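Please read the structure below before turning to the comments.
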């Protein structure tokens, strides 16, 4: 009741783990069920976030007859109003006078729900990236802006405590030393089709991206390429598209009609579990 | 003596006083208790003032009268963003503008209960939002246990009203968007605050969160900040940079250093955001210094850049685009708010941007039904809605910045009034047009490519400061000082050069545009009196901003084959046939198709049928 | 506390209605006319009486009126029971309606607070929309759950009610009785929309509207699109604060200045240059605009049909002129003036479109510029870009003075008298002197007709008046210049317009004998014409100069018109 | 029959159960036969939802579903036998063979 501060935790890194486990990057498919109550560090994108709302922790009731203000503690999503007086003066009395609520002495918390999603290359073959719910409270309430990758460390009831955001040389030098690196990397991707080295060579330059330029005066230009494939039927088109989305990370296959109108923009929808406008 | 029970109290006086420093630090956390005990103490000190002097019967009404206190002199805050949960039930102040006033809802302070079988009445009152409903009778005539009934048409109510408020603090953090707070007024303060005014408001922050208003300030020896604060050294730098000769181009170079020259276009948007002079009469007249601009010509140049840059300069404006903004999105509309599940009304597209500029792209692809509202805001600057639920004329003080495209894909062989596919009149009512055509050649586009790769020469533009270019923060301060400190008058001395500037376009909308252009020329360079040289450049501006064989033969032939047809229709075929029939000037049947389309659409001639041609 | 006060106020109201008979012969002493009013309605049995509040304010030194005035809803059945007892004792299917009128204070819609809930109030404003008439429940026949017994239940005009106990002790339940409509009692109920007047709107505020309910025989009297004054009770609706009206009415040094302004001789010359001080030149357009504000007699007949006694004014010419400035002046000066842009209009929109309400999907009729501001100037900018439907609706509104609306089964026609200020432009914009007005205006002959005067404005390069026009334009561009200033303000011009409006002159025989020769002289120009002449001359131009004659008679404030003042109207018709 | 499926099509459907107080999955058809054959008559009366479903399970030879509380992929290599009728009712050699089919080119 007199808590001026807010207590939070953070786990140890892998560098302190090798130097004499508890904090492993966990998937939502790697939850198994039995980890309900362990501190877990989950990695993933954030698609759904909610607004900051004040959730009460303890309800303060005041009386004019006795003066002893009482405090009850809520734990669930809902509660009931304690209209009956449970003070230390009304027990030894015939009168059981009315009680009122105080929105000032009651302790609140900045509650916010969020939906963490499974990472694209961490999902198995054929499976879809299912979601999970994270319930945050306090000062961590503004550390989650949608459209990013995050590592969330918290207990699993998800009550987050701390958030953060973002042999190999032999593998790159043996790819370099063979000679004609550009043409080898061009003809290496998607070899189940015939020819078209130029189109897929520009697809190689498309997925490598380019350089984002900032003038440092409030103006940002694109450092990206956008490629059109206009063609007649008979030659394969979905295979090159599927190979580009399978090789490159975070590749999402779309369509023309269907739920595409709501599949390209935010779509308002009611949420039943918490009952709100998400 | 006049019956005003309200008392306006300044808390700053309680702050500077030697004895009450413990009272100002006690009312900021608990206002509900101190207002309730202040109502008793003000009545006690007033009756102490009554008993000190000889008086008539004034105690017969003040014994039951109630008096309250409205504290407003408190320091500023950062809106709703700084309102953390430790600031609940504390006093707070918000500065902004209100947008929507709901109808008055009643709140049941009391309630009647009647025993429907024996008819004894009981009045109950409110207590922290609960109304105890008595179960059975208790009198001596109706002792039996039976159900009561609630009556309300005989119970007094009090006024309540929820008001939408668009907040804007003195300082805003990076990434913050403007917020819409739902405030709620009570009795004796209803219909005093309504949409359209800059309102300072103060009250108690509650929790969904809201603010329970204790005072409003409809009006504004104090240090209350009105405009963006400047110092004396910055004012001296403004006066020293305003005395130079090249300032007229310096600003036009400093408004956008990432692009090219665009002297007429950049000079026009510079004086468009300078505004001009807005003068009115006492009761029935108003005039605003304003220019509505349009851009047309060759594509793929800095047009959208400008359309975004100005949205990043003005504090009020919307980026409306093409067919995605209809008439229900351009003024105001009703909405069923699912929040309170009530029919609220909300202003969009032209009343959200009341002040500043408004940017429209793809003017030619816009529909004809929504062109009628911009036909009124061209020079009338008003919105007159007459529909179901609303008959309201309102302010549309903003200026439009529209980017358009010509027909096809530019053609100098066709006139300017037919190439951009729109009405001449409405366009005659346009204050400023801009031919932003490229007309590609040598020793120009080479410098264009060189300037675009000169910032690609280095990885970071740290070397942007050693040139004649003012910074953005000095520019907006100079512009905000000049827009609110200079009211220039257009004297009679510039009469003679205006008449002759009008007759050159005549050999009233152009005259109304050029006087606002000349007063904006007077708005710059710190001038209070307009000068004779200032209109010269203005006219050069509108003369440089705007800088037949085909159709003739066409019609000619059409006439011919008509004549030779005994006036019957000319065929598509025969048309094409005689028209290529001459080797000289090569009328390609496609070009033919096009010009034909033009005349017909120009309504000069009529053609029908996909497979045939009609004269 | 009002259970014993209601019988006392019922006794006081019936003593007020019983102690006052009629002794009104020879305009002597006064006493109220209520008993003869009941004796007159005895034959017709409508029972929709009218009681003046000013006539009720004299008893108990006004204290009876002040006690009834705050507790009106709590004293209303006692008042109707006292009225029922006095008509049961003075006279031998029974509905009653008590209406109060003529309040000494007129309250606006912005001064309504919650302190007057249940009290009576006078609300003035303008009606925006009207709904259909509907049968209101009154009393219903409820049947029990087991008894199947009829109960005649009386509603209390609030919401669907329900009994509590069955009268027959065969049951004592409180479950849902079922409603029955055979032994039920229906009537007319209407819900209209009242809104804030244009002369009392605050600066920057919105004209807030509200819905007012109405019962009895006060329905089907309020015409849509007129200034109205209601008297009723403030009743809350689940909440919202609505109103219930019982009375309907169709409302809507000074003489030392007026008598000084009617005794001179140069008033009309300052009037033609003071009706539009912001426009340089164009005295003919100013003459037609000044004579188009006030008309003549419309009931000049012996058959029984009203005629078109109004002046239609239409302006044409090249663009970028000052002809829209008059359009911006009329609406800023005339109180009975509605302006429309033309392109943002339609047929239904101009007069009365229909919009749905979801409570029962029911329709309500929104008005418009058309059929508003009666005996005023309706000004339509851009008359040639309108459709065919609104222009034939304008022609149907000009062929007959009434307008008919047939929608959703209901047919309603209403009186309308407006003067059209039509601003038009050519098909090419530039006015060519090559041909007639018909091919350049591009509109058909019946909508081109019923127009009293056409104003054609052509411009060219004439430096001597052009330099003066440009100097006037640049001299106007300053803070409230004296150059624009008229010889006299609008302060006496508004009361002069009203004083000339209530004049009603009568033409003479010498004027008619000169008028027949003037019509022969005007029709003689049609012979060997095709020069200057541009249109046909028939009865309509004769009617236009006849209507301009009484307008110039009213402007010069003469009761009997001389042909010398009609000679200026003949010259005005010759100038066009 | 190609028209009349209670779910969203043949492959599956969502249901609510008060036993568990939750939502379960119902398997209407194509997910039952995993190696056999399925026959759809009146192919032109079949809506676009099942058309999008057979666009995905044709060469894919499987299916995938992500719904409120589940994400998964199923394997079902079946063979389809579709029978259709034209929209004109009759067809002859002189009419064009593309518009008489009343189906998109992707389904061809």
Going through region B:245-301 in order, the residues found to be within 14 Å of chain C (Cβ to nearest Cβ), outside any loop (DSSP other than H, G, I, E, B) and surrounded by fewer than 17 Cβ atoms within 10 Å (Cβ to Cβ) are B:280, B:286
Just checking, does region C:46-56 include any residue being in contact with a helix residue (DSSP H, G or I) (Cβ under 7 Å, 6 or more places away or on another chain), loosely packed, with under 15 Cβ neighbours inside 10 Å and under 18 Å from residue C:20 (Cα atoms)? no
Can you tell me which residues in region C:200-224 are away from chain B (no Cβ under 12 Å) and in a loop (DSSP other than H, G, I, E, B)? C:200, C:215, C:216, C:217, C:218, C:219, C:220, C:221, C:222, C:223, C:224
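Listed here are the residues, each with its yes/no results for (1) away from chain A (no Cβ under 14 Å); (2) out of contact with any strand residue (DSSP E or B) (no Cβ under 6 Å at 6 or more places or on another chain).
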| residue | (1), (2) |
| --- | --- |
| D:57 | no, no |
| D:73 | no, no |
| D:90 | yes, yes |
| D:105 | no, yes |
Which ones in region C:414-430 are within 14 Å of chain B (Cβ to nearest Cβ) and surrounded by 14 or more Cβ atoms within 10 Å (Cβ to Cβ)? C:423, C:424, C:425, C:426, C:429
Would you mention how many residues in region C:304-361 are within 24 Å of the chain's Cα centre (by Cα), more than 13 Å from chain B (Cβ to nearest Cβ) and on the phi > 0 side of the Ramachandran plot? 1
Lone unmet requirement of (1) part of a loop (DSSP other than H, G, I, E, B); (2) in contact with a helix residue (DSSP H, G or I) (Cβ under 6 Å, 6 or more places away or on another chain); (3) within 20 Å of residue C:77 (Cα to Cα) for residue C:9: (1)
Going by what's in this entry, would residue C:108 be described as more than 28 Å from the chain's Cα centre (by Cα), closer than 30 Å to residue C:208 by Cα and within 14 Å of chain B (Cβ to nearest Cβ)? no
Among A:275, A:224, A:232, which is under 27 Å from the mean Cα position of the chain (by Cα) and on the phi < 0 side of the Ramachandran plot? A:224
Which numbered condition residue D:49 fails, given (1) under 13 Å from the mean Cα position of the chain (by Cα); (2) more than 18 Å from residue D:3 (Cβ to Cβ); (3) not in a loop (DSSP other than H, G, I, E, B): (2)
Kindly indicate whether residue C:245 is within 30 Å of the chain's Cα centre (by Cα) and more than 14 Å from chain B (Cβ to nearest Cβ). yes
Quick check: anything in region B:166-175 closer than 21 Å to residue B:339 by Cα, over 20 Å from the mean Cα position of the chain (by Cα) and part of a strand (DSSP E or B)? no
Condition check for residue C:548: crowded, with 18+ Cβ neighbours inside 10 Å and either touching a strand residue (DSSP E or B) at 6+ places or on another chain (Cβ under 7 Å) or away from chain B (no Cβ under 13 Å) (or both): yes
If we only count helices (runs of 4 or more DSSP H) wholly inside region B:475-554, which ones have 1 or more residues that are more than 14 Å from every other protein chain (Cβ to nearest Cβ) and farther than 18 Å from residue B:287 by Cβ? B:533-544
Which one of C:435, C:469 is away from every other protein chain (no Cβ under 14 Å) and on the phi < 0 side of the Ramachandran plot? C:435
From the list C:559, C:525, pick out the single residue that is farther than 15 Å from residue C:291 by Cα, in the same structural domain as residue C:501 (by CATH), surrounded by fewer than 16 Cβ atoms within 10 Å (Cβ to Cβ) and in contact with a strand residue (DSSP E or B) (Cβ under 7 Å, 6 or more places away or on another chain). C:559
Here the qualifying pairs (Cβ atoms under 6 Å; residues six or more apart or on different chains; first in region D:83-96 and closer than 21 Å to residue D:42 by Cβ; second assigned to a loop (DSSP other than H, G, I, E, B)) come out as D:86/D:100; D:87/D:102; D:91/D:100
Can you give me the number of residues within region B:141-157 that are assigned to a strand (DSSP E or B) and in contact with a helix residue (DSSP H, G or I) (Cβ under 8 Å, 6 or more places away or on another chain)? 1
Restricting attention to region B:426-433, does a residue exist that is out of contact with any helix residue (DSSP H, G or I) (no Cβ under 9 Å at 6 or more places or on another chain), more than 9 Å from chain C (Cβ to nearest Cβ) and not in a strand (DSSP E or B)? no
Residues (under 23 Å from residue B:391 (Cβ atoms) and assigned to a strand (DSSP E or B)) located in region C:368-403: C:377, C:378, C:379, C:380, C:403
Residue B:204 fails exactly one of the following numbered conditions: (1) surrounded by 15 or more Cβ atoms within 10 Å (Cβ to Cβ); (2) within 28 Å of the chain's Cα centre (by Cα); (3) more than 14 Å from chain C (Cβ to nearest Cβ). What is the number of that condition? (2)
From the list C:220, C:234, pick out the single residue that is touching a helix residue (DSSP H, G or I) at 6+ places or on another chain (Cβ under 8 Å) and under 23 Å from residue C:97 (Cβ atoms). C:234
Is it the case that region D:75-83 has a residue that's assigned to a strand (DSSP E or B) and within 14 Å of chain A (Cβ to nearest Cβ)? yes
Specify the residue that is farthest from the other protein chains (Cβ to nearest Cβ); the eligible residues are those in region C:473-523 that are outside any helix (DSSP H, G or I) and more than 22 Å from residue C:325 (Cβ to Cβ). C:508
Going by the conditions given, is residue B:137 farther than 30 Å from residue B:354 by Cβ and surrounded by fewer than 16 Cβ atoms within 10 Å (Cβ to Cβ)? no
Here is a list: B:133, B:82. Which entry is part of a loop (DSSP other than H, G, I, E, B), under 21 Å from residue C:238 (Cβ atoms), within 14 Å of chain A (Cβ to nearest Cβ) and out of contact with any helix residue (DSSP H, G or I) (no Cβ under 6 Å at 6 or more places or on another chain)? B:133
For residues that are more than 14 Å from chain C (Cβ to nearest Cβ) and not in a loop (DSSP other than H, G, I, E, B), scanning just region B:337-385, find the one that is surrounded by the fewest Cβ atoms within 10 Å (Cβ to Cβ). B:337
Run down C:79, C:103 and say which single residue is more than 12 Å from every other protein chain (Cβ to nearest Cβ), under 30 Å from residue C:51 (Cα atoms) and part of a helix (DSSP H, G or I). C:79
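Note: ideal-geometry Cβ built from the backbone for every residue, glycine included; neighbour counts use all protein chains shown. What is reported rests on the model, the rules as stated and the sources as named; no laboratory read-out is quoted.
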